[PDB]
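Peer 1: Got a structure for you, model.pdb, holding PDB, C-alpha atoms.
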```pdb
ATOM      1  CA  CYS A   1      77.230 138.277  88.633  1.00  0.00           C
ATOM      2  CA  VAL A   2      76.658 139.144  92.301  1.00  0.00           C
ATOM      3  CA  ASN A   3      79.012 139.030  95.273  1.00  0.00           C
ATOM      4  CA  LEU A   4      78.751 135.960  97.484  1.00  0.00           C
ATOM      5  CA  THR A   5      76.522 136.348 100.539  1.00  0.00           C
ATOM      6  CA  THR A   6      77.734 135.837 104.120  1.00  0.00           C
ATOM      7  CA  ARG A   7      81.467 135.352 103.617  1.00  0.00           C
ATOM      8  CA  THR A   8      83.518 134.878 106.790  1.00  0.00           C
ATOM      9  CA  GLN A   9      87.067 136.238 106.594  1.00  0.00           C
ATOM     10  CA  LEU A  10      89.887 134.511 108.477  1.00  0.00           C
ATOM     11  CA  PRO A  11      93.658 135.105 108.246  1.00  0.00           C
ATOM     12  CA  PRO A  12      95.369 132.615 105.916  1.00  0.00           C
ATOM     13  CA  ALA A  13      97.638 129.943 107.370  1.00  0.00           C
ATOM     14  CA  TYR A  14     100.939 128.529 106.124  1.00  0.00           C
ATOM     15  CA  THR A  15     102.250 124.979 105.819  1.00  0.00           C
ATOM     16  CA  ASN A  16     105.539 123.287 104.989  1.00  0.00           C
ATOM     17  CA  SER A  17     105.974 122.439 101.305  1.00  0.00           C
ATOM     18  CA  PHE A  18     108.746 119.858 101.951  1.00  0.00           C
ATOM     19  CA  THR A  19     110.223 118.808  98.558  1.00  0.00           C
ATOM     20  CA  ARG A  20     107.015 119.321  96.562  1.00  0.00           C
ATOM     21  CA  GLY A  21     107.348 121.624  93.567  1.00  0.00           C
ATOM     22  CA  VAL A  22     109.819 119.863  91.261  1.00  0.00           C
ATOM     23  CA  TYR A  23     109.145 119.707  87.520  1.00  0.00           C
ATOM     24  CA  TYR A  24     111.070 118.665  84.434  1.00  0.00           C
ATOM     25  CA  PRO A  25     112.778 121.835  83.118  1.00  0.00           C
ATOM     26  CA  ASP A  26     112.667 120.599  79.513  1.00  0.00           C
ATOM     27  CA  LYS A  27     111.561 117.667  77.358  1.00  0.00           C
ATOM     28  CA  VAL A  28     115.047 116.134  77.369  1.00  0.00           C
ATOM     29  CA  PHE A  29     115.765 112.527  78.341  1.00  0.00           C
ATOM     30  CA  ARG A  30     118.659 111.949  80.746  1.00  0.00           C
ATOM     31  CA  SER A  31     119.577 108.563  82.224  1.00  0.00           C
ATOM     32  CA  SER A  32     121.447 107.940  85.490  1.00  0.00           C
ATOM     33  CA  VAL A  33     122.995 111.402  85.727  1.00  0.00           C
ATOM     34  CA  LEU A  34     123.017 114.347  88.137  1.00  0.00           C
ATOM     35  CA  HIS A  35     122.043 117.493  86.220  1.00  0.00           C
TER
ATOM     36  CA  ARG B   1      73.487 126.504  95.995  1.00  0.00           C
ATOM     37  CA  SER B   2      72.168 126.565  99.559  1.00  0.00           C
ATOM     38  CA  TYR B   3      68.637 126.941  98.176  1.00  0.00           C
ATOM     39  CA  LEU B   4      68.807 123.500  96.512  1.00  0.00           C
ATOM     40  CA  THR B   5      71.465 121.762  98.613  1.00  0.00           C
ATOM     41  CA  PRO B   6      70.720 118.425 100.357  1.00  0.00           C
ATOM     42  CA  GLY B   7      69.426 119.339 103.811  1.00  0.00           C
ATOM     43  CA  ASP B   8      69.771 123.107 103.290  1.00  0.00           C
ATOM     44  CA  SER B   9      67.231 125.522 101.809  1.00  0.00           C
ATOM     45  CA  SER B  10      68.299 128.989 103.001  1.00  0.00           C
ATOM     46  CA  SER B  11      69.247 131.459 100.286  1.00  0.00           C
ATOM     47  CA  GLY B  12      72.976 131.638  99.571  1.00  0.00           C
ATOM     48  CA  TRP B  13      75.807 129.336  98.547  1.00  0.00           C
ATOM     49  CA  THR B  14      77.778 126.707 100.464  1.00  0.00           C
ATOM     50  CA  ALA B  15      81.162 125.243  99.521  1.00  0.00           C
ATOM     51  CA  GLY B  16      82.015 121.591 100.010  1.00  0.00           C
ATOM     52  CA  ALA B  17      85.152 120.601 101.887  1.00  0.00           C
ATOM     53  CA  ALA B  18      88.095 121.645  99.700  1.00  0.00           C
ATOM     54  CA  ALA B  19      91.750 122.325 100.508  1.00  0.00           C
ATOM     55  CA  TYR B  20      94.368 123.830  98.199  1.00  0.00           C
ATOM     56  CA  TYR B  21      97.795 125.413  98.620  1.00  0.00           C
ATOM     57  CA  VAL B  22      99.558 128.213  96.735  1.00  0.00           C
ATOM     58  CA  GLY B  23     103.280 128.872  96.403  1.00  0.00           C
ATOM     59  CA  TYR B  24     105.523 131.218  94.449  1.00  0.00           C
ATOM     60  CA  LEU B  25     108.614 130.317  92.443  1.00  0.00           C
ATOM     61  CA  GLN B  26     112.042 131.918  92.811  1.00  0.00           C
ATOM     62  CA  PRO B  27     115.189 131.487  90.697  1.00  0.00           C
ATOM     63  CA  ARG B  28     117.051 128.645  92.418  1.00  0.00           C
ATOM     64  CA  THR B  29     119.771 126.322  91.159  1.00  0.00           C
ATOM     65  CA  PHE B  30     118.683 122.692  91.503  1.00  0.00           C
ATOM     66  CA  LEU B  31     120.496 119.362  91.197  1.00  0.00           C
ATOM     67  CA  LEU B  32     118.059 116.885  89.646  1.00  0.00           C
ATOM     68  CA  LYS B  33     118.750 113.142  89.729  1.00  0.00           C
ATOM     69  CA  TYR B  34     117.498 111.285  86.652  1.00  0.00           C
ATOM     70  CA  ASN B  35     117.130 107.526  87.061  1.00  0.00           C
ATOM     71  CA  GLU B  36     117.537 104.802  84.442  1.00  0.00           C
ATOM     72  CA  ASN B  37     114.095 105.395  82.856  1.00  0.00           C
ATOM     73  CA  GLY B  38     114.816 109.130  82.990  1.00  0.00           C
ATOM     74  CA  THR B  39     112.377 109.950  85.797  1.00  0.00           C
ATOM     75  CA  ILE B  40     113.489 112.562  88.325  1.00  0.00           C
ATOM     76  CA  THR B  41     113.591 110.481  91.511  1.00  0.00           C
ATOM     77  CA  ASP B  42     115.166 113.155  93.742  1.00  0.00           C
ATOM     78  CA  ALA B  43     116.310 116.771  93.806  1.00  0.00           C
ATOM     79  CA  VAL B  44     118.505 119.017  95.954  1.00  0.00           C
ATOM     80  CA  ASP B  45     118.093 122.774  96.382  1.00  0.00           C
ATOM     81  CA  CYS B  46     121.501 124.445  96.040  1.00  0.00           C
ATOM     82  CA  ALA B  47     120.634 127.157  98.603  1.00  0.00           C
ATOM     83  CA  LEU B  48     118.786 125.247 101.349  1.00  0.00           C
ATOM     84  CA  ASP B  49     121.647 124.368 103.715  1.00  0.00           C
TER
ATOM     85  CA  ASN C   1     122.980 114.740  58.538  1.00  0.00           C
ATOM     86  CA  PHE C   2     119.514 114.999  60.054  1.00  0.00           C
ATOM     87  CA  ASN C   3     117.004 117.602  61.228  1.00  0.00           C
ATOM     88  CA  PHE C   4     114.395 116.557  63.818  1.00  0.00           C
ATOM     89  CA  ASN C   5     112.039 119.464  64.579  1.00  0.00           C
ATOM     90  CA  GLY C   6     114.938 121.855  64.031  1.00  0.00           C
ATOM     91  CA  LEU C   7     117.415 119.667  65.934  1.00  0.00           C
ATOM     92  CA  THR C   8     120.234 119.560  63.376  1.00  0.00           C
ATOM     93  CA  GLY C   9     123.029 117.021  63.752  1.00  0.00           C
ATOM     94  CA  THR C  10     125.193 114.511  61.917  1.00  0.00           C
ATOM     95  CA  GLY C  11     125.630 110.842  62.727  1.00  0.00           C
ATOM     96  CA  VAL C  12     124.414 107.296  62.174  1.00  0.00           C
ATOM     97  CA  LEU C  13     120.811 106.838  63.281  1.00  0.00           C
ATOM     98  CA  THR C  14     120.038 103.358  64.614  1.00  0.00           C
ATOM     99  CA  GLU C  15     117.511 101.487  66.746  1.00  0.00           C
ATOM    100  CA  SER C  16     117.760 101.947  70.511  1.00  0.00           C
ATOM    101  CA  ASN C  17     116.243 100.313  73.584  1.00  0.00           C
ATOM    102  CA  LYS C  18     116.147 103.579  75.552  1.00  0.00           C
ATOM    103  CA  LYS C  19     112.681 104.324  76.951  1.00  0.00           C
ATOM    104  CA  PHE C  20     111.757 107.999  76.740  1.00  0.00           C
ATOM    105  CA  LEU C  21     108.835 109.432  78.664  1.00  0.00           C
ATOM    106  CA  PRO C  22     105.688 110.347  76.705  1.00  0.00           C
ATOM    107  CA  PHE C  23     106.675 114.036  76.741  1.00  0.00           C
ATOM    108  CA  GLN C  24     110.451 113.644  76.336  1.00  0.00           C
ATOM    109  CA  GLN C  25     111.810 114.125  72.812  1.00  0.00           C
ATOM    110  CA  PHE C  26     115.594 114.605  72.899  1.00  0.00           C
ATOM    111  CA  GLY C  27     118.307 112.651  74.685  1.00  0.00           C
ATOM    112  CA  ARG C  28     121.559 113.789  76.253  1.00  0.00           C
ATOM    113  CA  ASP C  29     124.571 112.407  78.109  1.00  0.00           C
ATOM    114  CA  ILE C  30     127.002 113.540  80.810  1.00  0.00           C
ATOM    115  CA  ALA C  31     128.750 115.769  78.250  1.00  0.00           C
ATOM    116  CA  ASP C  32     125.436 117.531  77.419  1.00  0.00           C
ATOM    117  CA  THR C  33     125.735 116.342  73.810  1.00  0.00           C
ATOM    118  CA  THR C  34     122.772 114.813  71.999  1.00  0.00           C
ATOM    119  CA  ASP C  35     122.803 111.014  71.829  1.00  0.00           C
ATOM    120  CA  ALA C  36     119.186 109.947  71.152  1.00  0.00           C
ATOM    121  CA  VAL C  37     116.076 111.314  69.452  1.00  0.00           C
ATOM    122  CA  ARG C  38     112.389 110.408  69.274  1.00  0.00           C
ATOM    123  CA  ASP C  39     111.053 110.275  65.726  1.00  0.00           C
ATOM    124  CA  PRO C  40     108.247 112.871  65.424  1.00  0.00           C
ATOM    125  CA  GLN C  41     106.007 110.660  63.271  1.00  0.00           C
ATOM    126  CA  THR C  42     106.548 107.148  64.649  1.00  0.00           C
ATOM    127  CA  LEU C  43     107.154 106.611  68.365  1.00  0.00           C
ATOM    128  CA  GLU C  44     110.568 104.967  68.593  1.00  0.00           C
ATOM    129  CA  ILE C  45     113.901 106.121  70.015  1.00  0.00           C
ATOM    130  CA  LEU C  46     116.969 106.283  67.760  1.00  0.00           C
ATOM    131  CA  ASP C  47     120.565 106.706  68.900  1.00  0.00           C
ATOM    132  CA  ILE C  48     123.084 109.122  67.378  1.00  0.00           C
ATOM    133  CA  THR C  49     126.735 108.244  66.786  1.00  0.00           C
TER
END
```
Translate this structure into structure tokens?

Peer 2:
Amino acid sequence: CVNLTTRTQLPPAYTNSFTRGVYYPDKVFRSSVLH
Amino acid sequence: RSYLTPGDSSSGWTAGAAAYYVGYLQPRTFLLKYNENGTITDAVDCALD
Amino acid sequence: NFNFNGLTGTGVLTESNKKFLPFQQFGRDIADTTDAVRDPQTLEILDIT
């Protein structure tokens, strides 16, 4: 329960997420359809 | 633990190579394409372009 | 008339070849009306007519 020793702080970077981040909204089965 | 790490004995802690990314969700209308087995094979964001 | 986990409907349950995903339970069509259901106890997909 002690703070970490010798931490080096650097500004955070950013990257392109592209299309990542898609999940099924609900547990419903749909076949060959645009919802 | 740097004290008992292979090749290192100095007091402290060392972290192995790890990379992770964090993003935040916003309310966006999406057009999801479900294939014949019902897997979402593609999606389009309704506010991208 | 049937009730699957609170999903209340009326029709003729039958055997179906539709392949749901392990997490998917219900089934829908273009008209957003239920057409298939996964039996909670046994793992098979049944159509609704």

Peer 1: Give me, as a compact mmCIF listing (two decimals) with C-alpha atoms, keeping the file's coordinate frame, the contact residues of chain A against chain C at a cut-off of 10 Å, counting all atoms listed in the file.

Peer 2:
```txt
# COMPACT_ATOMS: atom_id res chain seq x y z
CA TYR A 24 111.07 118.66 84.43
CA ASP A 26 112.67 120.60 79.51
CA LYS A 27 111.56 117.67 77.36
CA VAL A 28 115.05 116.13 77.37
CA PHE A 29 115.76 112.53 78.34
CA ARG A 30 118.66 111.95 80.75
CA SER A 31 119.58 108.56 82.22
CA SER A 32 121.45 107.94 85.49
CA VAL A 33 123.00 111.40 85.73
CA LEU A 34 123.02 114.35 88.14
CA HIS A 35 122.04 117.49 86.22
```

Peer 1: Using only C-alpha atoms, can you tell me which of B:40, B:32, B:22, B:47 comes closest to residue 16 of chain A?

Peer 2: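 Checking each candidate against residue 16 of chain A, we get B:22 as the closest.
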
Peer 1: One decimal, in Å: what's the spacing between atom CA of residue 14 of chain A and atom CA of residue 12 of chain B?

Peer 2: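 The value is 28.9 Å.
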
Peer 1: What does the distance from atom CA of residue 1 of chain C to atom CA of residue 42 of chain C come to in Å, to one decimal?

Peer 2: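 Separating atom CA of residue 1 of chain C from atom CA of residue 42 of chain C is a distance of 19.1 Å.
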
Peer 1: At what distance in Å, to one decimal, does atom CA of residue 41 of chain B lie from atom CA of residue 23 of chain B?

Peer 2: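 We find that atom CA of residue 23 of chain B and atom CA of residue 41 of chain B lie 21.6 Å from each other.
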
Peer 1: Using the chain letters and residue numbers of this document, give as a list in words the residues selected by the ChimeraX specification (/A :<9) & /B.

Peer 2: residues 11, 12, 13, 21, 23, 25, 30, 31, 32, 33, 34, 35, 36, 37, 38, 39, 40, 42, 43 and 44 of chain B

Peer 1: For the point (118.8, 101.5, 71.7) in the file's frame, write as a list in words all residues with an atom no more than 9 Å away, counting all atoms listed in the file.

Peer 2: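 Nearby residues: residues 14, 15, 16, 17, 18, 19, 36, 45, 46 and 47 of chain C.
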
Peer 1: Run the PyMOL selection byres ((chain C and resi 5) around 10) mentally over the shown coordinates, then write out the matched residues as a list in words, using the chain letters and numbers from the document.

Peer 2: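 So the PyMOL selection byres ((chain C and resi 5) around 10), applied here, picks out residues 2, 3, 4, 6, 7, 8, 25, 39 and 40 of chain C.
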